[PDB]
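Here's the structure we're looking at; comments come further down.
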Protein chains: 2
Amino acid sequence: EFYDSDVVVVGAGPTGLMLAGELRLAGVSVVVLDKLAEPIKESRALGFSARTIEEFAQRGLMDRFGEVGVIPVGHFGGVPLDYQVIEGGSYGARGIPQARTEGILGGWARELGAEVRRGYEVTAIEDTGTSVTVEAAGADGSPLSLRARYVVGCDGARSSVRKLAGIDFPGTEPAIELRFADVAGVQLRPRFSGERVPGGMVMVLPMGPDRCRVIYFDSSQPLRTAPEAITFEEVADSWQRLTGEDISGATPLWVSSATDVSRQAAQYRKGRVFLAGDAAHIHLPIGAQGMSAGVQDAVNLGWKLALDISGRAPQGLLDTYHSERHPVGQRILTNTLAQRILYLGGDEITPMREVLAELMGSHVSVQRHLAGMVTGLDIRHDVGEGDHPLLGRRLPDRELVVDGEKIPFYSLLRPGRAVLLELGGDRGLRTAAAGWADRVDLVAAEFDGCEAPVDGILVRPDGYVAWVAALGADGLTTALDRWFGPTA
Amino acid sequence: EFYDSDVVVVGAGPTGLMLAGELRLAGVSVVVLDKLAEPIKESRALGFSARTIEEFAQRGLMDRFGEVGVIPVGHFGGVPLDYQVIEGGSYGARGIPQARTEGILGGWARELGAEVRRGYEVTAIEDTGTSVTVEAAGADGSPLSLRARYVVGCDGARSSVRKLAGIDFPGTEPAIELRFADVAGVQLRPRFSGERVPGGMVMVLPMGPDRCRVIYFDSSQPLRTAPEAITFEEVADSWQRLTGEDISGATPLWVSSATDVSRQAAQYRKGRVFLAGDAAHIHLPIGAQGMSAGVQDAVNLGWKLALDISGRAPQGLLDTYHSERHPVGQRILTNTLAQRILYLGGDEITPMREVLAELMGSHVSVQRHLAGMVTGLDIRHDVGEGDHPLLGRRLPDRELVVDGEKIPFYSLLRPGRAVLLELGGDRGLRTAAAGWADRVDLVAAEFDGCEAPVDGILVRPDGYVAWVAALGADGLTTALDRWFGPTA
Ligand SMILES: Cc1cc2nc3c(=O)[nH]c(=O)nc-3n(C[C@H](O)[C@H](O)[C@H](O)COP(=O)(O)OP(=O)(O)OC[C@H]3O[C@@H](n4cnc5c(N)ncnc54)[C@H](O)[C@@H]3O)c2cc1C
Ligand SMILES: Cc1cc2nc3c(=O)[nH]c(=O)nc-3n(C[C@H](O)[C@H](O)[C@H](O)COP(=O)(O)OP(=O)(O)OC[C@H]3O[C@@H](n4cnc5c(N)ncnc54)[C@H](O)[C@@H]3O)c2cc1C
């Protein structure tokens, strides 16, 4: 009763491909199932956030892009602020369309050994005490039934594993309707191009000389709550419904309607069926928050579900994914709700824009909103030892020295392993506390480049800290039982 | 063609009485006209803000109250924060009903020489190039026509000088309806006493053992936009309309309905007719902001309009009242709108309460919101010389020393005069720059009690700074032309 794959990941979106890479990184047979025989080819989210730039640099993937310029001044709710006041913060990468991100993740995942299988469509699932058998419509055979120890739903907001798997997916009543298009045809000639006029609002930002990006929301009560694909009819007629400008003669690449519905499943784990990315949470899509949040979901999940399949799988793990990403989810839904109330709203939120504009004068508020939208630092995983200094917080880039070699530690998280940084001393804690050299990485160096921290840290494969130190009376090595196993 | 009074102030509300005191302080015949033959006797706004405690202490009036305890932890939009992080800030006085405030202001104004005249009702006005003739219905004669150089409207939100004087009074469409009562009769037994349930919300705070304060707003679209007095019928039936609790058997002192309409006149001066207090601006009434804002209006206006009538009335003055209080007005309307959106609102503003709760962790945000609601420090009068260090900002209490006498300077602003603080040196600037000893007050002392400022300041009668200094190349004495006259 052998398996086809330890993990069947559903959907070759950014979330699915990232997860496949993580799993495969830590030695896990993974088959990926995607409805589409070709990727969407759609430039949806221009760029991604800076916590995501770091997830990619953790694994050494930034080269695959080519041009990784970053925007220091971004916004919150439409109030532009400087992002570089947070050490390492930024508003994210500027010009990478979703197509390019999925392209390199597909390349990386098949390069690492995953079996991407396009044209397979999940139709059913059954979950037993030792496995999961899924029902996927191959191109060749009408059905084809697969078997794995785990199935992870990385399919869309209209998730399919969610419904048959039994996941409950509650959320917020919709209040605003937003429509997107890459309009390439008869161009627009806008003069009211950012105004909150009565009826709704229009925004336009160019991305090619041919193509312009139409953001188009209207001040109404929606009627078709599900965010779905539409023709140019609605976007053009509603545009003239607000502006009196006709843009009907143009030709779109694609147009879509979405609402500010925010939903999030109550459980990220239901037996052996999972949800990562937009399968787990949805919201009003802009800023690349969905792709960024899904890629970070998948990264947090990857190494956990990876060695869960092999040995060295402790008690708490694979329930720490829910425990660490569900609050993050119910928090980004709250913050995107907040931003768009304060941004899309009319004359009731004018005071809001004013007040926050005033609060952004202060840099404590700057850094607060910084970490809120970047997802770089407000993600401090509340699950830790005492949680006081930098525990569930991530570890930022810092150069290391010759005692190991020149190599700094961003390079260290690239194999999806863990790491432990010591000073060439603390020999007892260097090896009598760590003789798991294959299990994690033990590194010896005088790593103090800049001004902020001091010695005594080992970190998780996703870049989170698990053991803060100074010599604390006893050197606690049971944190390595908290996130790894007791093996010789 | 002699006058009855230099100023006819209309309305013996807090604003009118305060203004009468200021005018009369600086030597101005003032007659006050109030519709009511007896004051309202209503405990409306429990306490007042701390900029108002300072206005009263400027004139040495805090004794007339008796019990001046102050609350250090207040709120913004329902988020409680510590107010004492601002030097001198607080959430204001706790237990003073509006009745007690009007009582002592009436006592002070008639003690200083004003002629309070109850039972006189303004019915008309006519404004000529040299005077104003008003039409007031005395108790004795049916009409009685009065004449003064100026008329100041310190009557209510349903102002009467506003309409005939021709003032344009635009503002915000109403969104929420709020109702107040001092319910003294069959008491309520509340268990859902602060919840934002669907339909609206209920709040109750006790003020006597008999009487409790019913705040009662409902989540609807109002129909009678004008804020007016009502019977207990509506408050009781709407209460059960939200809670299913019947409080109909009780007996109120008074009940009133109000909306979140915020209005503000475009001009505070229209010829020789004025608006101070709720005659100039209105909003959703809670927190004592209306009485506090009106009392500060009246204080800013008082000494200006006072010596405007006598000689020594410069060019810019009596247009600086509009120039200095209209932005303050259009700002408090914005901030009360903001608070109550974030407080009274339902599930759309939940993220709002969350975000500000997070931002209040930071004390820069604390002090910002501090100064916003206290009106103690965000009122920095933008009209000044360069406006850079503490110009249009007010001057806080600080002890002075024996070179004058023990007396510190809160005592100095009590005669409604100006003042100038020097160190016993700078003799040339002490008297060759200031030989207006009667016009302003020249004080000599080593005033450095605590840590914050250094020497070189003269201040306006309302407590605002007009001449910052250090020795600046030249000692500019033309600021004394900016707010006083050139007289020997
Ligand atoms: C048209 C459009 C425009 C967008 N524009 C923006 C934007 O401008 N800014 C922004 O921030 N966000 C935007 N978004 C949202 C953002 O693109 C998504 O959040 C992002 O793609 C993350 O999705 P994911 O990683 O969960 O996978 P998704 O991209 O949601 O893809 C899910 C994958 O699962 C596959 N799948 C679905 N059903 C099945 C099935 N039964 N069997 C097998 N495979 C299946 C799908 O075909 C797809 O390959 C946009 C989304 C869309 C659709
Ligand atoms: C019932 C009630 C409850 C309130 N509760 C609160 C509360 O809980 N918290 C809060 O912060 N604020 C509250 N307010 C608002 C606050 O009391 C007012 O903003 C405050 O009184 C400031 O008004 P004012 O100083 O401009 O004069 P007002 O108090 O408005 O009085 C105006 C005066 O002008 C007189 N007048 C009117 N028309 C004429 C005329 N034609 N001729 C002559 N005189 C005239 C009136 O009779 C009155 O004496 C309440 C107001 C009311 C009415």
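Residues in the structure tokens are named by chain (A, B, ... in the order shown) and by number from 1 within that chain; ligands are numbered from 1 in the order shown.
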What lies within 6 Å of residue A:444 using only C-alpha atoms, ignoring chain neighbours under 4 positions off, as an MDAnalysis selection string? chainID A and resid 403:404 422:424
Pull out every residue of chain B sitting within 6 Å of chain A, counting only C-alpha atoms, and send them as a list in words. residues 334, 338 and 351 of chain B
Prev. selection, C-alpha atoms, output as an mmCIF file, in the first residue's frame:
```
data_model
loop_
_atom_site.group_PDB
_atom_site.id
_atom_site.type_symbol
_atom_site.label_atom_id
_atom_site.label_comp_id
_atom_site.auth_asym_id
_atom_site.auth_seq_id
_atom_site.Cartn_x
_atom_site.Cartn_y
_atom_site.Cartn_z
ATOM 1 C CA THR B 334 -13.177 66.495 12.046
ATOM 2 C CA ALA B 338 -13.375 60.594 13.651
ATOM 3 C CA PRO B 351 -10.274 47.234 12.524
#
```
Expressed in Å to a single decimal, how great is the separation between atom CA of residue A:188 and atom CA of residue A:247?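 Rounded to one decimal, the two atoms are 6.1 Å apart.
Atom CA of residue A:91 sits 5.3 Å away from atom CA of residue A:74.
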12 Å contact set for residue A:285, only C-alpha atoms, chain neighbours under 2 positions out, as a PyMOL selection string: chain A and resi 44-46+157+177-180+215+227+256-262+278+281-283+287-293+332-333+336-337+339-340
Export, as a short mmCIF file (atom, residue, chain, number, x, y, z; two decimals), in the first residue's frame, the selected residues with N, CA and C atoms.
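And here's out.cif as it stands now:
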```
data_model
loop_
_atom_site.label_atom_id
_atom_site.label_comp_id
_atom_site.auth_asym_id
_atom_site.auth_seq_id
_atom_site.Cartn_x
_atom_site.Cartn_y
_atom_site.Cartn_z
N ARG A 44 -0.75 40.00 -12.48
CA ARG A 44 -1.78 40.45 -11.55
C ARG A 44 -1.31 41.43 -10.49
N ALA A 45 -0.36 41.01 -9.67
CA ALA A 45 0.09 41.79 -8.53
C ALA A 45 1.48 42.28 -8.90
N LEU A 46 1.57 43.54 -9.18
CA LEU A 46 2.87 44.15 -9.51
C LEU A 46 3.73 44.13 -8.27
N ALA A 157 -9.11 30.92 -4.13
CA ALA A 157 -10.13 31.36 -3.19
C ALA A 157 -11.41 30.55 -3.36
N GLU A 177 -17.31 47.14 -4.05
CA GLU A 177 -16.94 46.34 -5.21
C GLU A 177 -15.84 47.03 -6.00
N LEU A 178 -14.82 46.24 -6.33
CA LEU A 178 -13.59 46.64 -7.01
C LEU A 178 -13.43 45.82 -8.28
N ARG A 179 -12.94 46.44 -9.35
CA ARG A 179 -12.77 45.76 -10.62
C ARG A 179 -11.40 46.08 -11.19
N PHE A 180 -10.77 45.07 -11.76
CA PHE A 180 -9.42 45.19 -12.29
C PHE A 180 -9.40 44.93 -13.77
N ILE A 215 -7.92 50.29 -12.08
CA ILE A 215 -8.51 49.97 -10.79
C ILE A 215 -9.80 50.74 -10.74
N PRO A 227 -16.13 36.96 -5.91
CA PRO A 227 -15.22 37.64 -6.84
C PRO A 227 -14.93 36.76 -8.05
N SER A 256 -11.68 41.60 -14.07
CA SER A 256 -12.23 40.82 -12.98
C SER A 256 -12.96 41.72 -12.01
N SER A 257 -13.97 41.17 -11.36
CA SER A 257 -14.71 41.86 -10.31
C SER A 257 -14.42 41.14 -9.01
N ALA A 258 -14.21 41.97 -7.96
CA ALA A 258 -13.96 41.45 -6.64
C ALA A 258 -14.69 42.36 -5.66
N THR A 259 -14.86 41.83 -4.43
CA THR A 259 -15.51 42.57 -3.37
C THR A 259 -14.53 42.68 -2.22
N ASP A 260 -14.88 43.45 -1.20
CA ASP A 260 -14.03 43.51 -0.02
C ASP A 260 -14.42 42.43 0.98
N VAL A 261 -15.02 41.41 0.49
CA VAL A 261 -15.21 40.24 1.34
C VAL A 261 -13.86 39.80 1.86
N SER A 262 -13.79 39.56 3.19
CA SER A 262 -12.64 38.94 3.83
C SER A 262 -13.13 37.68 4.54
N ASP A 278 -4.42 31.49 -0.62
CA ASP A 278 -5.79 31.95 -0.81
C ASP A 278 -6.82 30.87 -0.58
N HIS A 281 -7.47 32.00 3.28
CA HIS A 281 -7.96 33.34 3.56
C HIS A 281 -8.06 34.12 2.26
N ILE A 282 -9.03 35.03 2.22
CA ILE A 282 -9.22 35.89 1.06
C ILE A 282 -9.63 37.27 1.55
N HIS A 283 -9.43 38.25 0.68
CA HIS A 283 -9.69 39.65 1.01
C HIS A 283 -9.72 40.42 -0.29
N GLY A 287 -1.84 45.29 -3.62
CA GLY A 287 -0.62 45.39 -2.86
C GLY A 287 0.21 44.14 -2.85
N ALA A 288 -0.23 43.09 -3.55
CA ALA A 288 0.43 41.79 -3.57
C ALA A 288 0.34 41.09 -2.22
N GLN A 289 -0.68 41.40 -1.42
CA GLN A 289 -0.75 40.82 -0.09
C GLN A 289 -1.17 39.36 -0.15
N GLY A 290 -1.99 38.99 -1.13
CA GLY A 290 -2.44 37.61 -1.21
C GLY A 290 -1.31 36.67 -1.59
N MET A 291 -0.58 37.02 -2.64
CA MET A 291 0.54 36.19 -3.07
C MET A 291 1.63 36.18 -2.01
N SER A 292 1.91 37.33 -1.40
CA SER A 292 2.93 37.39 -0.36
C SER A 292 2.52 36.57 0.86
N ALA A 293 1.27 36.71 1.29
CA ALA A 293 0.79 35.98 2.45
C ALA A 293 0.77 34.48 2.17
N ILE A 332 -4.29 40.16 8.81
CA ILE A 332 -4.17 40.88 7.54
C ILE A 332 -5.55 41.18 6.99
N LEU A 333 -6.54 40.31 7.24
CA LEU A 333 -7.90 40.66 6.82
C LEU A 333 -8.36 41.93 7.52
N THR A 336 -6.34 45.00 5.95
CA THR A 336 -6.77 45.39 4.62
C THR A 336 -8.16 46.01 4.67
N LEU A 337 -9.07 45.42 5.46
CA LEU A 337 -10.33 46.09 5.76
C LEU A 337 -10.08 47.53 6.20
N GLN A 339 -7.31 49.63 5.92
CA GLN A 339 -6.77 50.44 4.84
C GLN A 339 -7.85 50.86 3.87
N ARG A 340 -8.66 49.91 3.41
CA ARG A 340 -9.59 50.24 2.33
C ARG A 340 -10.81 50.98 2.84
#
```
Test item: residues at most 8 Å from stretch 298-314 of chain B, only C-alpha atoms, excluding those fewer than 2 positions along its chain, as number ranges by chain: B: 6, 15-16, 18-28, 55, 149, 276-277, 294-296, 316-318, 321, 416, 461-462, 481-487
File of the preceding selection, N, CA, C and O atoms, as a short mmCIF file (atom, residue, chain, number, x, y, z; two decimals), in the first residue's frame:
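Writing done, so here's out-v4.cif:
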```
data_model
loop_
_atom_site.label_atom_id
_atom_site.label_comp_id
_atom_site.auth_asym_id
_atom_site.auth_seq_id
_atom_site.Cartn_x
_atom_site.Cartn_y
_atom_site.Cartn_z
N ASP B 6 -20.87 98.98 24.99
CA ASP B 6 -19.96 98.78 23.89
C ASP B 6 -20.28 97.46 23.20
O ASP B 6 -20.35 97.40 21.97
N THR B 15 -20.40 80.19 27.03
CA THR B 15 -19.67 81.03 26.09
C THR B 15 -19.96 82.51 26.33
O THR B 15 -19.04 83.31 26.47
N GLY B 16 -21.25 82.87 26.41
CA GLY B 16 -21.59 84.26 26.63
C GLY B 16 -21.03 84.80 27.93
O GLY B 16 -20.45 85.88 27.96
N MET B 18 -18.51 83.68 29.81
CA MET B 18 -17.07 83.78 29.75
C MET B 18 -16.65 85.01 28.97
O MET B 18 -15.76 85.76 29.40
N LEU B 19 -17.28 85.26 27.82
CA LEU B 19 -16.91 86.41 27.01
C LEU B 19 -17.19 87.70 27.75
O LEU B 19 -16.38 88.63 27.72
N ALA B 20 -18.33 87.75 28.42
CA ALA B 20 -18.65 88.95 29.18
C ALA B 20 -17.57 89.21 30.21
O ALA B 20 -17.12 90.35 30.37
N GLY B 21 -17.09 88.15 30.87
CA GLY B 21 -16.03 88.31 31.84
C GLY B 21 -14.76 88.85 31.22
O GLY B 21 -14.14 89.77 31.76
N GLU B 22 -14.38 88.32 30.06
CA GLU B 22 -13.16 88.81 29.41
C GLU B 22 -13.27 90.27 29.01
O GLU B 22 -12.39 91.09 29.32
N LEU B 23 -14.35 90.61 28.30
CA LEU B 23 -14.61 91.98 27.88
C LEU B 23 -14.55 92.92 29.07
O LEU B 23 -13.74 93.86 29.11
N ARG B 24 -15.43 92.68 30.04
CA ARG B 24 -15.49 93.47 31.26
C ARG B 24 -14.15 93.53 31.97
O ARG B 24 -13.82 94.53 32.61
N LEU B 25 -13.33 92.48 31.84
CA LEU B 25 -11.98 92.40 32.47
C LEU B 25 -11.09 93.50 31.89
O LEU B 25 -10.37 94.16 32.68
N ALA B 26 -11.17 93.65 30.61
CA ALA B 26 -10.38 94.66 29.93
C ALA B 26 -11.17 95.94 29.68
O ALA B 26 -10.97 96.60 28.66
N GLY B 27 -12.11 96.26 30.54
CA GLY B 27 -12.76 97.55 30.60
C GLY B 27 -13.75 97.85 29.49
O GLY B 27 -13.60 98.82 28.75
N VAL B 28 -14.79 97.04 29.39
CA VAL B 28 -15.76 97.18 28.32
C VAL B 28 -17.17 97.04 28.88
O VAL B 28 -17.48 96.04 29.53
N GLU B 55 -7.77 77.88 31.07
CA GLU B 55 -8.41 79.18 30.84
C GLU B 55 -8.99 79.73 32.13
O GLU B 55 -8.92 80.93 32.40
N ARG B 149 -21.79 99.16 19.84
CA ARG B 149 -20.78 99.15 18.79
C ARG B 149 -20.62 97.75 18.21
O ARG B 149 -20.33 97.60 17.02
N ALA B 276 -19.63 83.14 18.71
CA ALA B 276 -18.70 82.46 19.59
C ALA B 276 -19.40 81.23 20.14
O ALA B 276 -20.62 81.25 20.36
N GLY B 277 -18.66 80.17 20.31
CA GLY B 277 -19.21 78.96 20.90
C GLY B 277 -20.06 78.18 19.92
O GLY B 277 -19.73 78.05 18.73
N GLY B 294 -16.29 76.53 23.24
CA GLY B 294 -16.89 77.85 23.29
C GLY B 294 -16.22 78.75 24.30
O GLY B 294 -16.04 79.95 24.05
N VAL B 295 -15.87 78.22 25.41
CA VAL B 295 -15.19 79.03 26.41
C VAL B 295 -13.83 79.47 25.90
O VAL B 295 -13.41 80.61 26.14
N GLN B 296 -13.17 78.63 25.10
CA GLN B 296 -11.89 79.05 24.55
C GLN B 296 -12.08 80.05 23.41
O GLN B 296 -11.29 81.01 23.30
N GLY B 316 -4.84 94.22 12.39
CA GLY B 316 -5.22 92.84 12.13
C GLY B 316 -6.25 92.30 13.10
O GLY B 316 -7.02 91.40 12.73
N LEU B 317 -6.29 92.83 14.32
CA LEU B 317 -7.14 92.30 15.37
C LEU B 317 -8.62 92.43 15.04
O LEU B 317 -9.05 93.32 14.30
N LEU B 318 -9.40 91.49 15.58
CA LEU B 318 -10.84 91.28 15.39
C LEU B 318 -11.07 90.60 14.05
O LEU B 318 -12.22 90.27 13.71
N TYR B 321 -9.56 86.65 15.30
CA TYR B 321 -10.46 85.71 15.97
C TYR B 321 -10.91 84.62 15.00
O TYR B 321 -10.79 83.43 15.28
N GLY B 416 -6.45 89.94 32.65
CA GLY B 416 -6.76 90.05 31.24
C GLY B 416 -5.84 90.97 30.48
O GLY B 416 -6.20 91.47 29.41
N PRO B 461 -2.86 88.06 26.22
CA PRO B 461 -3.70 87.92 27.42
C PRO B 461 -4.34 86.54 27.55
O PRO B 461 -4.66 86.14 28.68
N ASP B 462 -4.53 85.81 26.47
CA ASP B 462 -5.15 84.49 26.56
C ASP B 462 -4.14 83.39 26.85
O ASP B 462 -4.52 82.21 26.88
N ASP B 481 3.54 95.76 18.16
CA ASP B 481 2.65 96.42 17.22
C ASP B 481 1.68 95.43 16.59
O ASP B 481 0.57 95.81 16.20
N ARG B 482 2.08 94.16 16.51
CA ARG B 482 1.23 93.14 15.90
C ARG B 482 0.00 92.84 16.76
O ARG B 482 -1.04 92.47 16.21
N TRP B 483 0.11 92.99 18.09
CA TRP B 483 -0.99 92.66 18.99
C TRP B 483 -1.32 93.78 19.97
O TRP B 483 -2.22 93.61 20.80
N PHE B 484 -0.63 94.91 19.88
CA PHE B 484 -0.93 96.08 20.68
C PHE B 484 -0.65 97.32 19.83
O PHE B 484 -0.24 97.22 18.67
N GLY B 485 -0.85 98.47 20.40
CA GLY B 485 -0.69 99.72 19.70
C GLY B 485 0.54 100.49 20.13
O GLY B 485 1.10 100.27 21.22
N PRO B 486 1.00 101.42 19.30
CA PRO B 486 2.17 102.30 19.57
C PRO B 486 1.86 103.54 20.41
O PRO B 486 1.68 104.65 19.91
N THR B 487 1.81 103.38 21.72
CA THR B 487 1.38 104.47 22.59
C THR B 487 2.38 104.73 23.71
O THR B 487 2.96 103.80 24.28
#
```
Might you pull out every residue within 9 Å of residue A:382, with only C-alpha atoms counted and same-chain residues fewer than 2 positions away left off, and present them as a ChimeraX atom specification? /A:323-324,379-380,384,387,391-393
From A:135, A:54, A:237, A:126, residue lying nearest ligand 1 [only C-alpha atoms and all ligand atoms]: A:135
